[PDB]
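Asks: Structure in structure tokens, see below.
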Amino acid sequence: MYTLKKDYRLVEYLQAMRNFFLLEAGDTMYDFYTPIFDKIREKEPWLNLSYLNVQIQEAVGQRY
Amino acid sequence: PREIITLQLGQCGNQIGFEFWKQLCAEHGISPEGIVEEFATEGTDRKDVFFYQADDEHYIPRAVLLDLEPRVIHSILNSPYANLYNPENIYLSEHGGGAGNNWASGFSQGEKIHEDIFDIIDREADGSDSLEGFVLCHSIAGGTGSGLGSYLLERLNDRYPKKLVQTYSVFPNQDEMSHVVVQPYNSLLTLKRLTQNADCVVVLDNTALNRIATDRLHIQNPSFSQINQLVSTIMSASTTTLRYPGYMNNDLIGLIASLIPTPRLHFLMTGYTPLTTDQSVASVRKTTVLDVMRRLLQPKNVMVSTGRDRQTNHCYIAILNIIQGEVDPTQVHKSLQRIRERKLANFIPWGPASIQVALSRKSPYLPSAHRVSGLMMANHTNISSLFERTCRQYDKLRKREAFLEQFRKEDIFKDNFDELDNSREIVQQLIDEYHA
Amino acid sequence: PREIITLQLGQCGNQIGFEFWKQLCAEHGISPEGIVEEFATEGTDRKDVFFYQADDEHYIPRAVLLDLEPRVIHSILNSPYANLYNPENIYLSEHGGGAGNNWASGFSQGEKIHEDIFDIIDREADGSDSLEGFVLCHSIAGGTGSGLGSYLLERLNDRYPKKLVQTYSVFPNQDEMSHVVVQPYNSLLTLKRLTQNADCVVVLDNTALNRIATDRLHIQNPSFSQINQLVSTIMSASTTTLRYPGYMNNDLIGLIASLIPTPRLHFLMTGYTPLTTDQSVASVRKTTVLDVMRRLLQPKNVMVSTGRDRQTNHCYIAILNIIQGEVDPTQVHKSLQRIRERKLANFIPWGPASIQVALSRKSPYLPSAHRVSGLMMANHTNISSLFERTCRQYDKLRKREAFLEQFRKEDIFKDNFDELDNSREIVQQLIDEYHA
């Protein structure tokens, strides 16, 4: 547990994937969502993979 | 960004917005010209969702302070807060106006500084890339803040109508009438604009305010300079979903939308319990979460005047109860269970009401690290009680023949007197038709 | 050994190149005598590239100044850098002039001073190791630059065919008709040589010059002295792949080969971010490099007037974004990730386009090694508006009966006016056909 806490930061990694897809994060996944959700509301293709891969790039840069 | 641009307007509306910013500097622990601690990112996880983003390692609020009397903004340069604000991108130093006590001055002053009043909000919005709205922190107290603020409810509802419009109105003390005489006129003039040029508002009152200031603050004589302390904190309390982590309703337009069922019923009463500094000695034995929402559903913290025999012939419809700081988020479902057996919240006699409960983690500060905090954002159908108090002093005033031709000199020359009177009667009736 | 001779011609053409040579001495850190800065050789790895190749440590502008107006050139020889200039291979000290201010004045004076105008570029090409070309820093304003400038647009196309042609075509405010009125006639004779006897132009309009002069340098009443800093900066700015080594398109005919789709479309719009003193506050810690081309993704700094609504009926084909100095370049490949996602610059639909990114080293002089810079060399097909704009000012001038016999007393005595009309419409069709 000494190398698994400092050498590799295990538990920080645990809350990190929880911020991704357990929705434990702030307006990170929120501001990812509403651009996609405004395209759903007018039923225009939101998949469109490419911009979504830039929307999670923009997600993780929110809150800093 | 969920940047909201605050429209501080008025002699009193400036001051209540002024200590709103100083509060944010006291808890983020910052210097007003430098970020001198690591509490800016450890304490708070967004610090520029209401502020202009770092480009010098500093944060510049998203506020504009325009006012007819430059004297309230000149009292900001005698404090170390005129380098937290800027000299033209927040406020123009020495921007004059009227006398000003007339409403019809400030209404015509938005129509000739018309070019600059929509350049100052867009000078201070060069990093909003997805706008929340505009919250008009404009006071009804004084003719300065009610006149120019009534203009801006209209031009921001024709360019940004689906975006938030929401005002913190404070109707001046209605137990004076020889301190202010233009008081039924400036109130009913903004009240026309809240219901068809605006979505939702959050009302307040001064005469229900000072009730609490001697019961929980314990001042010797009510005077405006303690009134601003109690208001400035509930303004930073309502944005603790948007400045710290969350998910369900983590927007300010997420919280406020769910307190509206029908237009003309969206007037939110505000209540805030930890004003007493004898609850910091009763936390060594634990203040519990079970009873902190049994004093939020109690009418004691009510900043809007109303009867205690008008809550037996009316019921609350939507009530939001926000805990900050300690909460214990496993016994909060234990807190709501006992609510129904006492029945301190009334439920509408035509379906179930709504008790929305929320929690939020905060930056280290005294009612969010040692003692429980409750913000209430009520929605009660007894709100016609202020409107009857203002409309019975408005037609009485016309029976003394005041401001029916001592008001028709500057831009009123038609009959618009019955226009405020009747549109107030549509509001007094439509609430009662939709509430048994 | 890539020596360019600037050919300043016309009244406005002499004022814009005056501060161009003045920018070079200030950034190379040199004295008009010798070296006083060792950043002169460490920063500029090719000092001689517009200057005389030293053989006693002296640098001489390779400039020629011919003009029929002695008022503009007498302010060049009463300068501290009038010793950087020598009146013995450049110009006379107190030089003369023609009428001038007529296109037929300067075109006929072009051919009886034919010996000295082609023996003053070969008295500045005798240490030369091969000439790059000639840059015609000529005006579109008045008949002076335009008469004498139409001559050298011809002879450098056939006594010098190999050599590069590229002009700084600067318009005056086209709404003058009482200090100059012969401006649509003198313009079109020069505009015809510019598209058939020239390969490239660098267009510049004046109404977008004063667009910057009131919102980036901020005057309350216009002056034409805030117009010569804007041109003189963009002049030294294009040569940061050539005054300091590149790697690829390190030649100036390299940049231009990828910026020209084919002649019939070659008019490059110019854009320049650091003209304002609020871009030195975005380099005290370095602001991110993601945003310095997403302000050139849709311009808001162009020295060419155009609508922002004429970006959706037109499609960019080649756009160059040259970044300069310290920008901390390692998130620059991240910046091209985000370009396709907004599409504020439409790309042509018959085939692929080009998003060109560049970086360049420059001397450690403060505005070339601190401030974040975006230099735009666009080539957008919404330029057909400017050609429709000069042609609308011609056809209106012929129905007032002006210059039907008033301009054909001198060196015009044959029809050539509808030749100017037709050649403008073939150019206009072929710009729009390249996005069709």
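Derivation of every value follows stated rules applied to the coordinates shown; laboratory data play no part. Quick reminder, even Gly has a Cβ in these numbers, built from the backbone with ideal geometry, and neighbours come from all protein chains shown.
Asks: Please count how many residues of segment B:223-282 are under 15 Å from B:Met377 (Cβ atoms), among the β-branched types (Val, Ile, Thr) and away from chain A (no Cβ under 14 Å). Write out each step before concluding.
Replies: Quick first cut of segment B:223-282, residues under 15 Å from B:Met377 (Cβ atoms) only: B:231, B:233-242, B:249, B:251-261, B:265-273.
Restricting the remaining residues to those that are among the β-branched types (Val, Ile, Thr) gives B:231, B:233-234, B:239-241, B:253, B:256, B:260, B:270, B:273.
Add one more test, that the residue is away from chain A (no Cβ under 14 Å), and what stays is B:231, B:233-234, B:256, B:260, B:270, B:273.
The number of residues fulfilling the criteria is 7.
Asks: Can you name the condition, by its number, that C:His95 falls short on among (1) closer than 24 Å to C:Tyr185 by Cα; (2) part of a loop (DSSP other than H, G, I, E, B)?
Replies: Among (1) closer than 24 Å to C:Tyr185 by Cα; (2) part of a loop (DSSP other than H, G, I, E, B), C:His95 violates only (1).
Asks: Among (1) assigned to a loop (DSSP other than H, G, I, E, B); (2) touching a residue at least 60 places away in the same chain (Cβ under 8 Å), there is one condition B:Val64 misses while meeting the rest; what is its number?
Replies: (1)
Asks: Just a yes or no: is a residue in segment C:23-39 part of a helix (DSSP H, G or I), among the aromatic types (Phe, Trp, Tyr), touching a residue at least 40 places away in the same chain (Cβ under 8 Å) and touching a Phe, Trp or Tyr at 6+ places or on another chain (Cβ under 8 Å)?
Replies: First pass over segment C:23-39, keeping only residues part of a helix (DSSP H, G or I): C:23-27, C:39.
Now restrict to residues that are among the aromatic types (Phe, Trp, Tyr): C:39.
Among the residues that remain, those that are also touching a residue at least 40 places away in the same chain (Cβ under 8 Å) are: C:39.
Now drop any that are not touching a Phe, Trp or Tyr at 6+ places or on another chain (Cβ under 8 Å), which leaves C:39.
Looking for residues that are part of a helix (DSSP H, G or I), among the aromatic types (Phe, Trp, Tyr), touching a residue at least 40 places away in the same chain (Cβ under 8 Å) and touching a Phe, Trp or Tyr at 6+ places or on another chain (Cβ under 8 Å), one finds at least one in segment C:23-39, hence yes.
Asks: Inside segment C:109-153, can you point out the residues that are touching a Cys at 6+ places or on another chain (Cβ under 9 Å) and part of a loop (DSSP other than H, G, I, E, B)?
Replies: Residues satisfying the conditions are C:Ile140, C:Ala141, C:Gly142.
Asks: Does segment B:47-56 include one or more residues that are touching a residue at least 40 places away in the same chain (Cβ under 8 Å), surrounded by 20 or more Cβ atoms within 10 Å (Cβ to Cβ), away from every other protein chain (no Cβ under 14 Å) and among the aromatic types (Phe, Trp, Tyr)?
Replies: Checking segment B:47-56: not a single residue is touching a residue at least 40 places away in the same chain (Cβ under 8 Å), surrounded by 20 or more Cβ atoms within 10 Å (Cβ to Cβ), away from every other protein chain (no Cβ under 14 Å) and among the aromatic types (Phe, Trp, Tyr).
Asks: Next question, about the same structure. For B:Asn301, are the conditions met, namely being more than 18 Å from B:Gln356 (Cα to Cα), touching a strand residue (DSSP E or B) at 6+ places or on another chain (Cβ under 6 Å) and part of a loop (DSSP other than H, G, I, E, B)? Step through it out loud before you land on a result.
Replies: Details: more than 18 Å from B:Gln356 (Cα to Cα): yes; touching a strand residue (DSSP E or B) at 6+ places or on another chain (Cβ under 6 Å): yes; part of a loop (DSSP other than H, G, I, E, B): yes.
Criteria met by B:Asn301.
Asks: From the residues in segment C:321-347 that are free of Cβ contacts under 8 Å to residues at least 24 places away in the same chain and among the polar types (S, T, N, Q), which one is surrounded by the fewest Cβ atoms within 10 Å (Cβ to Cβ)?
Replies: It comes out as C:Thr330.
Asks: So, in segment C:339-356, how many residues would count as being away from every other protein chain (no Cβ under 14 Å) and in contact with a helix residue (DSSP H, G or I) (Cβ under 6 Å, 6 or more places away or on another chain)? Working first, answer last.
Replies: So the first thing to find is which residues in segment C:339-356 are away from every other protein chain (no Cβ under 14 Å), and the list is C:345-356.
Now restrict to residues that are in contact with a helix residue (DSSP H, G or I) (Cβ under 6 Å, 6 or more places away or on another chain): C:355.
The number of residues fulfilling the criteria is 1.
Asks: Next question, about the same structure. Within the set of pairs 6+ apart or on separate chains, which have a first residue in segment A:40-57 that is in contact (Cβ under 8 Å) with a residue 24 or more places away in the chain and farther than 14 Å from C:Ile339 by Cα, a second that is aromatic (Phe, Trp, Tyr) and surrounded by 11 or more Cβ atoms within 10 Å (Cβ to Cβ), and C-beta atoms under 8 Å apart?
Replies: Taking only residues 6 or more apart or on different chains, the pairs are A:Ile56/A:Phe32.
Residue-by-condition table, conditions (1) in contact with a strand residue (DSSP E or B) (Cβ under 9 Å, 6 or more places away or on another chain); (2) among the aliphatic types (A, V, I, L, M):
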site: B:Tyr59; (1), (2): yes, no
site: B:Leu65; (1), (2): yes, yes
site: B:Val72; (1), (2): yes, yes
site: B:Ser75; (1), (2): no, no
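Asks: Failed condition for B:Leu84, given (1) surrounded by fewer than 17 Cβ atoms within 10 Å (Cβ to Cβ); (2) touching a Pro at 6+ places or on another chain (Cβ under 7 Å); (3) of a type outside the set (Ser, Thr, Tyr), with all others met?
Replies: Answer for B:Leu84: the failing condition is (1).
Asks: Would a scan of segment B:170-179 turn up a residue that is under 30 Å from B:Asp45 (Cβ atoms) and buried (at least 19 other Cβ atoms within 10 Å of the Cβ)?
Replies: no
Asks: For segment B:380-436, which residues satisfy the criterion of being in a helix (DSSP H, G or I) and aromatic (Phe, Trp, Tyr)? Can you show your working first?
Replies: Start the filter on segment B:380-436 by keeping residues that are in a helix (DSSP H, G or I), which leaves B:384-398, B:417-433.
B:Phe387, B:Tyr394, B:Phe417 - these are the residues of segment B:380-436 that are in a helix (DSSP H, G or I) and aromatic (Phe, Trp, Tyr).
Asks: Taking C:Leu336 and the conditions (1) touching a strand residue (DSSP E or B) at 6+ places or on another chain (Cβ under 8 Å); (2) within 21 Å of C:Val170 (Cβ to Cβ), which numbered condition does it fall short on, given that it satisfies the others?
Replies: Looking at each condition in turn, C:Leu336 falls short on (2).
Asks: I would also like to ask the following. Hey, among C:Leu336, C:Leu359, which residue is of a type in the set (A, V, I, L, M) and within 14 Å of chain A (Cβ to nearest Cβ)? It would help to see each step written out before you state the result.
Replies: Values: C:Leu359 fails: within 14 Å of chain A (Cβ to nearest Cβ).
Result of the check over C:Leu336, C:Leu359: C:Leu336.
Asks: Something else about it: Of the residues B:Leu156, B:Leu131, which is under 30 Å from A:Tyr33 (Cα atoms) and free of Cβ contacts under 8 Å to residues at least 60 places away in the same chain?
Replies: Testing whether each residue is under 30 Å from A:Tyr33 (Cα atoms) and free of Cβ contacts under 8 Å to residues at least 60 places away in the same chain leaves just B:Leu156.
Asks: So which of B:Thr273, B:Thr306, B:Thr287 ends up being touching a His at 6+ places or on another chain (Cβ under 9 Å) and not aliphatic (A, V, I, L, M)? Please lay out each step first, then the result.
Replies: Values: B:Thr273 fails: touching a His at 6+ places or on another chain (Cβ under 9 Å); B:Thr287 fails: touching a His at 6+ places or on another chain (Cβ under 9 Å).
One residue alone meets the criteria, B:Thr306.
Asks: Show the residue pairs that are 6+ apart or on different chains and have beta-carbon atoms under 6 Å apart, the first residue being within segment B:405-429 and within 20 Å of B:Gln183 (Cβ to Cβ), the second being basic (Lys, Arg) and in a loop (DSSP other than H, G, I, E, B).
Replies: Close Cβ pairs satisfying both conditions: B:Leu420/B:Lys192; B:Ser423/B:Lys192; B:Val427/B:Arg264.
Asks: Does B:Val292 fit the bill of being more than 23 Å from the chain's Cα centre (by Cα) and under 23 Å from B:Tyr244 (Cβ atoms)?
Replies: No; evaluated as a whole, the condition is false for this residue.
Asks: Just for helices (runs of 4 or more DSSP H) wholly inside segment B:159-260: which have at least 3 residues that are touching a residue at least 24 places away in the same chain (Cβ under 8 Å) and either under 30 Å from B:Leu404 (Cβ atoms) or of a type in the set (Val, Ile, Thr) (or both)?
Replies: Numbers: elements: B:183-191, B:210-213, B:227-238, B:252-255.
Once the helices (runs of 4 or more DSSP H) in segment B:159-260 are filtered for at least 3 residues that are touching a residue at least 24 places away in the same chain (Cβ under 8 Å) and either under 30 Å from B:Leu404 (Cβ atoms) or of a type in the set (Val, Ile, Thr) (or both), what remains is B:183-191, B:227-238.
Asks: Same structure again: Which of the residues that make up segment C:312-333 are away from every other protein chain (no Cβ under 14 Å), among the polar types (S, T, N, Q) and more than 30 Å from C:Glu433 (Cβ to Cβ)? Explain how you work it out, then say what you get.
Replies: Restricting attention to segment C:312-333, the residues satisfying the condition of being away from every other protein chain (no Cβ under 14 Å) are C:312-330, C:332.
If we keep only those that are among the polar types (S, T, N, Q) too, we end up with C:312-313, C:321, C:324, C:330.
Matches in segment C:312-333: C:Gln324, C:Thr330.
Asks: State whether the residues of segment B:26-37 include one that is of a type outside the set (S, T, N, Q), under 26 Å from B:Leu152 (Cα atoms) and either under 22 Å from the mean Cα position of the chain (by Cα) or surrounded by 22 or more Cβ atoms within 10 Å (Cβ to Cβ) (or both). Write out each step before concluding.
Replies: Of segment B:26-37, the ones of a type outside the set (S, T, N, Q) are B:26-30, B:32-37.
Subset that is under 26 Å from B:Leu152 (Cα atoms): none.
No, segment B:26-37 contains no residue that is of a type outside the set (S, T, N, Q), under 26 Å from B:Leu152 (Cα atoms) and either under 22 Å from the mean Cα position of the chain (by Cα) or surrounded by 22 or more Cβ atoms within 10 Å (Cβ to Cβ) (or both).
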